[PDB]
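Number of protein chains: 2
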Amino acid sequence: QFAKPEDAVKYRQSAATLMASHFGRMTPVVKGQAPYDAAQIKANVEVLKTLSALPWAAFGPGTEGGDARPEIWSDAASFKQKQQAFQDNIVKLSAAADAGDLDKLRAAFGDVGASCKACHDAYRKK
Amino acid sequence: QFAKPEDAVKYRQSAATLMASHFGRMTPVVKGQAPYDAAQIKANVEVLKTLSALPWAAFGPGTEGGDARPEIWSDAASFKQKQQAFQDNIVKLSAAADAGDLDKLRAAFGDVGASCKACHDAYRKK
Ligand code: HEC
Ligand code: HEC
Ligand SMILES: O=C1O[C@H]([C@@H](O)CO)C(O)=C1O
Ligand SMILES: O=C1O[C@H]([C@@H](O)CO)C(O)=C1O
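These protein sequences, in sequence, are chains A and A'. A prime marks a further copy of an entry chain. FYI, the entry's author numbering numbers position 1 of the first sequence as 1, with every residue one higher than the one before it. FYI, the entry's author numbering numbers position 77 of the second sequence as 77, with every residue one higher than the one before it.
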């Protein structure tokens with residue numbers, strides 16, 4: 001869907017920006033600094049679910065640019081491992097949210113965050 | 001969810017960027033220049049549905065900035081009219097996509113695009 005590689009870069013960066021907001025805005029809730037409204041979090045995690053599937057299609061071959069390492073391309077099976085583990089942790093977060101279980105939400109939130117960071121540490125330029 | 005007004009600006013601009021890609025990537029299909037796969041379009045319109053709800057919460061009071069006119073704030077009931085008409089046209093696009101009806105998809109796509117443009121013409125800086 002991208003006329004030039006730059007358009008893929010702008011897409012994936014925008015998708016990432018939205019995931020960071022929908023993930024990070026839950027920080028006060030999982031820390032207990034903001035109230036836990038199970039319906040609010042269920043709805044927010046549904047948005048994050050949708051967003052979480054979007055970046056990966058915007059790293060097609062030859063879309064080197066942005067802060068994307070060429071190893072995304074030179075080490076591709078491993079990159080797919082990191083995005084599928086991340087998406088699998090998003091499924092677990094959805095399950096915790098859908099269950100209305102705050103302790104499980106805390107734990108699942110942390111697993112997601114660790115997956116974000118593991119991919120960045122390997123595949124995102126400093 | 002925004003620590004400073006700039007963060008709301010960056011969010012709404014990123015949401016807009018993603019809607020432009022998910023809307024605009026259908027142009028070749030509605031023109032007949034790319035094949036029409038009803039399931040592909042249904043899935044894409046579901047993504048656009050989700051995205052289409054996101055910008056509006058990132059124009060809270062005092063989030064003047066970006067290319068957002070202060071009339072979004074000084075003429076607020078009218079801005080809400082333009083975002084609800086747009087969201088209502090997204091419902092019609094969803095219905096056309098879910099029905100697998102290409103002629104209806106063409107027509108609904110055009111109505112959505114006109115709603116985007118009408119809001120920009122009134123409320124987006126040049
Ligand atoms: C690999 C499988 C990743 C996972 C999982 C997550 N992110 Fe990511 N992110 C990744 C790359 C390769 C890049 C660079 C993209 C580019 O071309 O520049 C990014 C970038 C971001 C950014 C910065 C966006 C920008 O505005 O430039 C953010 C804020 C970000 N990523 C957040 C984020 C979050 C919150 C994630 C988990 C919920 C997450 N990423 C996962 C690769 C990967
Ligand atoms: C008002 C009810 C709008 C409707 C409907 C749509 N858009 Fe919009 N858009 C609107 C404003 C006020 C702004 C400026 C935001 C800011 O603070 O700068 C925008 C911006 C955009 C952009 C540019 C994003 C950027 O990267 O800076 C794009 C690409 C865009 N809008 C696209 C878009 C599409 C495709 C829409 C219909 C599907 C649409 N917008 C509707 C206000 C409104
Ligand atoms: O909110 C975010 O969470 C991850 C990471 O910081 C988690 O460790 C990331 O990259 C964000 O923008
Ligand atoms: O794809 C887009 O459609 C609208 C508008 O051009 C429709 O007339 C817009 O602002 C886009 O980025």
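Beta carbons: idealized from backbone N, C-alpha and C, even for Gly.
Looking at C-alpha atoms only, which residue of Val47(A'), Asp7(A') and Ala99(A') is the closest neighbour of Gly66(A')?
When each option's Cα is compared against that of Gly66(A'), the closest is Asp7(A').
With distances taken from CA atoms, which of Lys49(A), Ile72(A), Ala96(A) and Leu105(A) is nearest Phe86(A)?
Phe86(A) has its Cα closest to that of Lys49(A), out of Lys49(A), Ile72(A), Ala96(A) and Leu105(A).
Can you pull out the residues from the region 53-81 of chain A whose beta carbon lies closer than 8 angstroms to at least one beta carbon of chain A'?
So the close ones are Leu54.
Going by DSSP, what residues sit across from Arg124(A) in a beta bridge?
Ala68(A), per the DSSP bridge assignment.
Could you tell me which chain A residues have their CB closer than 8 angstroms to the CB of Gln33(A'), listed as they occur along the chain?
Neighbours of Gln33(A') on chain A: none; closest Cβ ~14 angstroms, over 8 angstroms.
Given a threshold of 16 other Cβ atoms within 10 Å of its Cβ, counted over all protein chains shown, does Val91(A') qualify as buried or as exposed?
That one is exposed.
Is the CB of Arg25(A) under 8 angstroms away from at least one CB in chain A'?
Closer than 8 angstroms to some Cβ of chain A', the Cβ of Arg25(A) qualifies, so yes.
Just checking, does the region 45-65 of chain A' make contact with the region 9-25 of chain A' on the three C-beta pairs under 8 angstroms criterion?
Cβ pair count under 8 angstroms is three or more, so yes.
Mind checking if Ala15(A) is an interface residue toward chain A', Cβ cutoff 8 angstroms exclusive?
Yes, contact with chain A'.
At a Cβ cut of 9 angstroms, what residues of the region 84-104 of chain A count as close to chain A', listed as they run along the chain?
Under the 9 angstroms Cβ criterion, the region 84-104 of chain A contributes no residue.
Can you list the alpha helix (DSSP H) stretches of 4 or more residues lying completely in the region 18-104 of chain A', in chain order?
Segments of the alpha helix (DSSP H) lying fully in the region 18-104 of chain A': 27-31, 38-52, 71-74 and 76-99.
Using a 10 Å radius around the Cβ and a threshold of 16 neighbouring Cβ atoms, would you call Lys80(A') buried or exposed?
Flag for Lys80(A') reads exposed.
Hey, how far is the Cα of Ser115(A') from the Cα of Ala107(A)?
Their backbone Cα atoms lie some 42 angstroms apart in a straight line.
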